[PDB]
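K.L.:
What follows is a single structure, and I will ask about it in a moment.
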Ligand SMILES: Nc1nc2c(ncn2[C@@H]2O[C@H](COP(=O)(O)OP(=O)(O)OP(=O)(O)O)[C@@H](O)[C@H]2O)c(=O)[nH]1
Ligand SMILES: Nc1ncnc2c1ncn2[C@@H]1O[C@H](COP(=O)(O)OP(=O)(O)CP(=O)(O)O)[C@@H](O)[C@H]1O
Ligand SMILES: Nc1nc2c(ncn2[C@@H]2O[C@H](COP(=O)(O)OP(=O)(O)O)[C@@H](O)[C@H]2O)c(=O)[nH]1
Ligand SMILES: COC(=O)Nc1nc2ccc(C(=O)c3ccccc3)cc2[nH]1
Ligand SMILES: [Ca+2]
Ligand SMILES: [Ca+2]
Ligand SMILES: [Ca+2]
Ligand SMILES: [Cl-]
Ligand SMILES: [Mg+2]
Ligand SMILES: [Mg+2]
Ligand SMILES: [Mg+2]
Ligand SMILES: [Mg+2]
Ligand SMILES: [Mg+2]
């Protein structure tokens, strides 16, 4: 058994982290006080769920998690929340004033004075690990802390843990649910500084989650609470192989092996189905073929783009519920004859498939209905580069006038880092293109 | 704990400031004695932003400054006069004679250190100081001259704290003396350098609104001030009440100020005060020039950034729809090089006597019309060096006026740069 | 359309379906962090110098 | 009020469409790079499809189908027909074609040899060469496709002259296929000589303009006249002898690529107008020549067609305050 340490940075990372650990406890039968009746090895054990939970002599199962934010309001909701007993003070790190949506403030100004503390609290968890795999890092692109401090943290984790893998869960900025205008700057700045240090990153566009909540859950104005419960489900589907018995994606290294042939192109597209409103008294349970076909409808992707006009490098299918290989292969064969699924000529045209019989767990009183089978597809398609093109274009419009740039220079950043990061993104967009492409 | 320190200087500054504390004290359930008597804990969730907690009493974190005692004596006997900490009344006796030099160099210099001592004591008792806000006029001597002196001293001692101002711009329509363009021109350059936000409250606009819209044949300064206190309440709503936004002054400024010197905002309010307004009416009104308090036509310029907070119970799917319709109506009046530069926020608590309201904060290049107006009045007198003796008699030099004039013209040309870009 | 590497357990199973064959050091980090702090210190000193020149003028008036 | 932008100033068709929209009073044009639009009249090359459908609350529509180039490039069309089972190499209405890079060189010669006692005339194009000898065609190229030249074209009388049929087809956001009732024949003014001289072999409007204008105004015969000619000369109608095949070919091509280009459940919507070029042989069999993704219209038909675009493609999505034949599928 090898442990994984989750790190939650900024408001988005912390609130999403809180929603995931709630779901984790429900899936593993862990109660808010941290007790796990089904666990018979009191105070220890090397079960699959111990990759995310440590155990105390009193029987409490403690998340291997560290929450970091530069202001306390959000992490205070964890200290006083339903699962307060689950964590202990040394896991929750708060500053006094935040980065004010300013990457430079999160990376340089305020980051320098707290980076040593965070690494120490991470070392305390790493010291309890017999064999640490690496880190799962949750953060937003748009926040000054989520963007600025995360990139600094990722740099130092590559130094203090050169062998450990690092996976990201990143929230891509959507103006529908944002009152900021500088997030294109912060996104490009943090992607540039973090690219070399991340082995596999799962981008989630709030635009996509927002519309899925509106269209499939009948929520007229989705809140962060609505978005996060849906995001937590998808994160759970991605990390379930690390927390349950299985043979697919059982360690962070397999994520790169199975999803990232080229290191810089490490942003797999996630697609999830089915998302069913709990208000629907009864819903016709969807078949394996129907949920698998739904993995190729752009409306169900975590990032809105068109994989038909790109090329695949890898594709993983993660099923939860009543699913058997027979029905999976039957669905794939049918979907090949109806969908445009083109792989690169230097990869096999196949699907790695994992099935966990336990069906998706849902938060009591939430917006999601219980389903007998669900699937999350992880596909590394070049079509996700449409998200970089959108972001880089917004960057270009503002930076051509140096709009807001003085805020970053005022915190010690140099104007050259802007163009330095933008040029890295321009190379990233070309890498994707090389791989994917009056009368 | 994200504290804000409030300063009010001079006659105008203290009279709008007093009304501001009356309004929000009522919104937070604080009575003229400083005792809480509300029916919702939301009133107290962010009470510490503007109030210190004493016998379960809440005391405004407010400093009252003037060079004559008259206006502050009137505040101390006013409705909410007793809630202010007596030690925070800092006043001289000589007055400023509507003279920027008296406020900035002579009379004000003798009093400024005393004001900073109170500012320091209030800042010391702050767990985490967000920054400062100042209320003042630019056309007098104390608020304009000593107010900008205080801002310069505060930045020297607190260089990493936000400084925002609510600044009343003079107008011949509503004027006390002819030297107001001199005092305003001298003050604007100070604000260009040492404030992060300046809400430009034009007395011409406040008068036109009272006369043409509110049907008040003879507006008083009190009538103009009801518009200012109401606008100030809305502008500070996201700092004082729980809701969508929990941004501090710095984050709010970051998303509104793309260039350090172009931080002069056009505020607006709706409804202008039994039929509760529909959401389309709130939205259309807050973008109408007739609801804007800078006396600038937004159709003569372009918006760099816009922020609008809606207060009360309402459908926000309906607000999003109307904000789209008004943007389409004014599509050529928003810069195209700041994506998503129109943002909206909500608060469930409405102000007193309204089921719902909206407050507009526009960073428009049309504000240059206001500076050009002041600059033209300035030059009309300065060509002939008229009334300059009031200033040279306090040690000022002609060159300082020439430099303020040029600084004003540079500010106006910088706005015209981004209005064509 | 072959199935390979089928692994079964009590919790589930996994397999593959093939349809067709085909860093900076700590020192350098502290350097850049300290280089930014000194650009902040220099810019702040220019502000205080600018304000000090303003104090001189106030005394001269 | 609806908004739209223009990014192809060289388009005669959508220059009239923009004028018609402005003339309704309910449409307001914006600047080329303004992203808050309802309708994009996009450019021909490198259209930024990845930036569409990401503006909050705005329904966005574009006048081009992403991926339709596979049908509108001569080399891509050959590959699309031969590799798609819906069409297949056994396709009966597309001339025998091969892609050659300066590929299908070995297989092109194999069929070329099997012909050698069939007529063995071919045409290569991407710039056009017609020759009986293969070596002249292969060596001439030194991306192109070699296509069997149709040696027995239907020749109009009087004139003994060649022609091709242009059909305009509008595909809306619901993937309804609309065939403009009015087509046009681009005729050759010179007589067809089966015996290098490409005045009577190439029927392009520019090649004829550069006997022109003798038989009909501008070498443009419209369906009414061409129909009457078929009734008088050959005792048949345009509907029975040609249009049935044209409609079948249009539907086959577009339904084949529907899953690849459809915007049914996309975050943005697409429509596009296509120009299908057909050829008729002396036995009244219709052959597909090419499909044009950015075609112009006949001067007489600009007004009627452009109005149809607004009614069916634009106002269908953005309503205000038939000339098409619907090919059902
Ligand atoms: N999905 C989701 N997105 C969030 C959440 N909270 C914030 N965001 C997004 O994150 C971006 C803003 O960054 P934040 O994470 O709130 O800011 P931060 O990381 O705390 O950094 P600073 O506050 O500037 O110091 C916006 O695009 C928000 O839409 C959340 O709970 N869920
Ligand atoms: N296989 C073929 N058989 C007979 N004639 C052919 C032919 N291929 C081309 N032609 C003739 O040559 C002319 C020009 O060829 P083609 O249509 O490929 O050029 P083009 O792409 O420029 C047409 P447009 O101007 O509409 O874009 C055709 O209109 C046709 O008359
Ligand atoms: N809105 C408003 N403006 C005022 C008030 N009192 C004065 N003014 C304006 O402020 C300017 C005079 O400045 P004032 O504050 O009286 O001088 P000071 O006391 O030396 O700062 C003129 O432009 C007046 O129109 C007031 O109560 N309300
Ligand atoms: C004491 O000085 C201040 O209050 N300064 C100040 N600056 C502000 C900027 C914006 C807002 C908003 O209400 C808002 C509305 C929608 C989106 C984002 C923000 C409020 C502000 N208050
Ligand atoms: Ca155990
Ligand atoms: Ca590494
Ligand atoms: Ca004295
Ligand atoms: Cl290591
Ligand atoms: Mg934060
Ligand atoms: Mg650099
Ligand atoms: Mg006065
Ligand atoms: Mg002293
Ligand atoms: Mg063509």
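Numbers here mean position along the shown chain, with the first residue as 1.
Using N, Cα and C of the backbone, Cβ positions are placed for all residues, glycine too.
I grabbed these lines from Swiss-Prot:
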- A:71: Mg(2+) binding site (BINDING)
- A:326: ubiquitin cross-link (CROSSLNK)
- A:370: ubiquitin cross-link (CROSSLNK)
- A:40: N6,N6,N6-trimethyllysine (MOD_RES)
- A:40: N6-acetyllysine (MOD_RES)
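Quick one: where do these features end up spatially?
P.N.:
Counted within 10 Å of its Cβ, the other Cβ atoms near residue A:71 (Mg(2+) binding site) come to 23, all protein chains included.
Following the DSSP three-state reduction, the secondary structure of residue A:326 (ubiquitin cross-link) is helix. Residue A:326 (ubiquitin cross-link) counts 10 other C-beta atoms within 10 Å of its own C-beta, drawing on all protein chains shown.
According to DSSP, residue A:370 (ubiquitin cross-link) sits in a coil region rather than a helix or strand. In sequence order, A:359, A:360, A:362 constitute the residues six or more apart from residue A:370 (ubiquitin cross-link) in its chain with CB-CB distances below 8 Å.
With a 10 A radius on its CB, residue A:40 (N6,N6,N6-trimethyllysine) counts 8 other CB atoms from all the protein chains. DSSP assigns residue A:40 (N6,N6,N6-trimethyllysine) to coil, not to a helix or a strand.
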K.L.:
Which of these recorded positions, A:40, A:71, A:326, are close to chain D by Cβ (under 8 Å)?
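P.N.:
Sorted by position along the sequence, the hits amount to none.
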K.L.:
Does DSSP put residue A:71 (Mg(2+) binding site) in a helix, in a strand, or in coil?
P.N.:
coil
K.L.:
How big is the Cα-to-Cα gap, in Å, between residue A:40 (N6,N6,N6-trimethyllysine) and residue A:326 (ubiquitin cross-link)?
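P.N.:
The separation of the Cα atoms works out to 35 Å.
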